[PDB]
Amino acid sequence: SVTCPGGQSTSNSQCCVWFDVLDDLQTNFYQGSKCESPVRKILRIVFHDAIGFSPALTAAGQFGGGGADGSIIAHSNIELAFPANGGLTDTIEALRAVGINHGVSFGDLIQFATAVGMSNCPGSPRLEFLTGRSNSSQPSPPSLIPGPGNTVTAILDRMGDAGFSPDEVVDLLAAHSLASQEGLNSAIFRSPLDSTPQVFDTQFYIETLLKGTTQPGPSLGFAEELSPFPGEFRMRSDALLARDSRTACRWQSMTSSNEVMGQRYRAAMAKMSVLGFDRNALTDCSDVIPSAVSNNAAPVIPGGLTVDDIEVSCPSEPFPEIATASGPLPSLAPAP
Ligand code: HEM
Ligand SMILES: *[C@@H]1O[C@H](CO)[C@@H](O[C@@H]2O[C@H](CO)[C@@H](O)[C@H](O)[C@H]2NC(C)=O)[C@H](O)[C@H]1NC(C)=O
Ligand SMILES: [Ca+2]
Ligand SMILES: [Ca+2]
Ligand SMILES: [K+]
């Protein structure tokens, strides 16, 4: 409907300020619309901000957390002391300055920066963006963040409390297709979790299913498992979720279609974005989100490996017929 000062047209007047936030984030935060570390860090922040929400705690008479309320920024002094929130300070401070300079709430800003960041990464879907989340928050309670050494039962329970089914947990983990680690094993800083850290694709689901044969660094870091080729890092929670009977068939169905994986992820992220809010009280400004370049590569089992190297864990569905590559094993360079 409406036309914003820069000539773009939008649904509601409430969407116009986001065209300014968009320009600042692309030019500055993302250094010229790049899909590099700032995007990967923001993806950890949206999850850690939203998951501080617990109905079980509320039911027991305690404060359960406000969900996607920007509390990780507003109360960064409390929240970045939590063990799973390390390596985020510089990104939280960069976001704080954009929030304050544009007059937007921190909770909306984190959702927006996640949608805009993913648009710089090829193969990504257009995430929904809603605005109107209140800027006031209280610190998230401790212990509501799943860690890499937790069992599958522990993760599924914490995530189930928040509101996610076992399938949606698997769906949410498609974000590890654009990921690396920096704090589990600093000796192999920014070692990627899949062979394409800059392409939102299916490779993460394929490669975590491959037999662990390689130790990529001098020693094994915290919650580190043997990976399928040099340079790739494999964390325990991911290796176990790929193989556990409760999640193994969803993990397997995510391996052959980037279109299927992107739509399931988009739906799971839209649910995570309103944890603590009523989406019917928010204004939809999804039209402000730009498209990503398309990924035209087909899913592959890398470096000469075959289906014989996949530890097929879904007893009921045959493993998808995926393409093979004629090559030596790759050695992965650090993610950018
Ligand atoms: C079962 C829950 C999950 C666990 C246990 C988990 C654990 C981890 C760990 C240990 C790292 C490495 C952090 C570091 O040392 O630098 C990581 C990275 C990452 N995770 Fe997850 N994660 C989970 C869910 C998610 C979700 C739901 C998202 C977001 C939608 C997400 C997005 C990312 C991204 C993008 C990175 C890469 C950060 C970077 O490269 O700097 N993770 N995750
Ligand atoms: C959202 O609430 C936060 C927390 O009160 C506000 O952040 C402060 O803003 C002032 C002035 O704008 C800054 O000097 C402080 O440094 C900020 N504090 C923190 C912890 O970041 C923020 O301004 C509020 N946003 C809006 C749009 O009202
Ligand atoms: Ca929060
Ligand atoms: Ca990838
Ligand atoms: K679909």
Side-chain angles (χ1 to χ4, degrees), residues 1-35 38-39 41-43 45-50 52-53 65-76 91-121 124-138 140 163 200 262-263 265-293:
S1 310
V2 179
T3 307
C4 298
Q8 333 77 158
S9 290
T10 195
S11 329
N12 187 315
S13 50
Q14 291 178 266
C15 305
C16 291
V17 67
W18 293 104
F19 285 107
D20 300 333
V21 183
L22 175 64
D23 292 328
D24 182 355
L25 291 186
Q26 290 295 224
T27 296
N28 302 121
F29 188 65
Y30 292 126
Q31 296 163 254
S33 307
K34 308 289 207 302
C35 171
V39 182
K41 298 296 189 171
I42 232 293
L43 277 170
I45 291 170
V46 74
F47 178 40
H48 284 191
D49 180 34
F53 177 74
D69 59 357
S71 71
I72 197 173
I73 298 177
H75 301 289
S76 47
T91 308
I92 289 295
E93 289 304 326
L95 289 166
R96 188 194 309 281
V98 181
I100 284 167
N101 291 338
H102 281 103
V104 292
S105 71
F106 293 149
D108 286 350
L109 175 66
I110 292 172
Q111 290 309 327
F112 190 72
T114 299
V116 179
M118 280 202 86
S119 89
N120 300 147
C121 304
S124 306
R126 278 178 79 235
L127 252 45
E128 176 188 76
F129 175 54
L130 273 16
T131 185
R133 293 172 191 78
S134 177
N135 193 43
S136 42
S137 57
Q138 279 160 78
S140 164
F200 184 72
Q263 201 76 245
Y265 178 75
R266 194 194 179 282
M269 292 294 287
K271 173 180 185 160
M272 190 166 81
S273 67
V274 294
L275 242 52
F277 299 84
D278 168 18
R279 63 175 288 136
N280 302 141
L282 301 178
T283 293
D284 187 355
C285 289
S286 298
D287 61 81
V288 177
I289 307 307
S291 311
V293 353

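Residues take their numbers from the sequence shown, with the count starting at 1.
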Check your understanding: At what distance, to the nearest 0.5 angstrom, does CE of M269 lie from CG of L43?
Key -> 6.0 Å
Exercise for review: Could you walk me through whether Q26 and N120 pass side chain to side chain donor-acceptor pair (under 3.5 Å), step by step?
Suggested key: CA-CA 9 Å; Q26 290 295 224; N120 300 147; 2.8 Å; yes
Review point. Side chains of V116 and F29: does their closest heavy-atom pair fall under 4.5 Å?
Key: no
Review point. Are the side chain of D69 and the backbone N or O of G276 linked by a donor-acceptor pair below 3.5 Å?
Key: no
Point to revise | Main-chain N/O of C121 paired to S124 side chain as donor or acceptor, under 3.5 Å | key: yes
Practice item. Could you tell me the separation between the CG atom of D284 and the CG atom of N12, rounded to the nearest 0.5 Å? Key: 9.5 Å
**Study point:** Parallel, tilted or perpendicular, as decided by the 30° and 60° cut-offs, for the rings of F129 and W18
**Key:** perpendicular
Practice item. Answer yes or no: is there a donor N or O on one side and an acceptor on the other, between the side chain of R133 and the main chain of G70, under 3.5 Å? Key: no
Check your understanding: Can you name the closest pair of heavy atoms from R126 and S291 and give their distance?
Key -> CD-OG, 4.0 Å
Check your understanding: Distance from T131 atom OG1 to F112 atom CZ, nearest 0.5 Å?
Key -> 9.0 Å
Check your understanding: So do the side chains of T283 and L130 get within less than 4.5 Å of each other, counting heavy atoms only?
Key -> no
Practice item. Mind running side chain to side chain donor-acceptor pair (under 3.5 Å) on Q111 and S273 for me, showing each step along the way? Key: CA-CA 7 Å; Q111 290 309 327; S273 67; 4.6 Å; no
Exercise for review: Measure across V2 and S11 and return the closest heavy-atom pair with its distance rounded to 0.1 Å.
Suggested key: CG2-O, 3.8 Å
**Study point:** Verdict with supporting geometry, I45 and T114, side-chain contact (heavy atoms from CB on, under 4.5 Å)
**Key:** CA-CA 9 Å; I45 291 170; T114 299; over 6 Å; no
**Study point:** salt_bridge(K271, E128) N-O dist < 4.0 Å
**Key:** no
Point to revise | Rounded distance [0.5 Å steps], OG in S119 versus CG in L25 | key: 10.0 Å
Exercise for review: Indicate yes or no for a side-chain donor-acceptor contact from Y30 to the backbone of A113 under 3.5 Å, with no hydrogens or angles considered.
Suggested key: yes
Review point. Any side-chain heavy-atom pair from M118 and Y265 closer than 4.5 angstrom?
Key: yes
Point to revise | Interatomic spacing from CG in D287 to OG in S1 - rounded to 0.5 Å | key: 9.0 Å
Check your understanding: Does any N or O in the side chain of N101 come within less than 3.5 Å of the main-chain N or O of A97, such that one atom is a donor and the other an acceptor?
Key -> yes
Exercise for review: Please tell me if the side chains of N135 and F106 come closer than 4.5 Å, counting only heavy atoms from C-beta onward.
Suggested key: yes
Exercise for review: Would you indicate whether the side-chain heavy atoms of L127 and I289 approach each other to under 4.5 Å?
Suggested key: no
**Study point:** For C16 against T10, the heavy-atom pair lying closest together
**Key:** SG-CG2, 3.9 Å
Exercise for review: Kindly check if the number of other-residue, nucleotide or ligand heavy atoms within 6.0 Å of CD (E93) is above 12?
Suggested key: yes
**Study point:** Distance (rounded to the nearest 0.5 Å) between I110 CD1 and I73 CD1
**Key:** 3.5 Å
Exercise for review: Output yes when a side-chain donor or acceptor of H75 lies under 3.5 Å from a complementary backbone atom of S137, and no otherwise.
Suggested key: yes
Review point. Between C15 and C4, is the SG-SG gap less than 2.5 Å?
Key: no
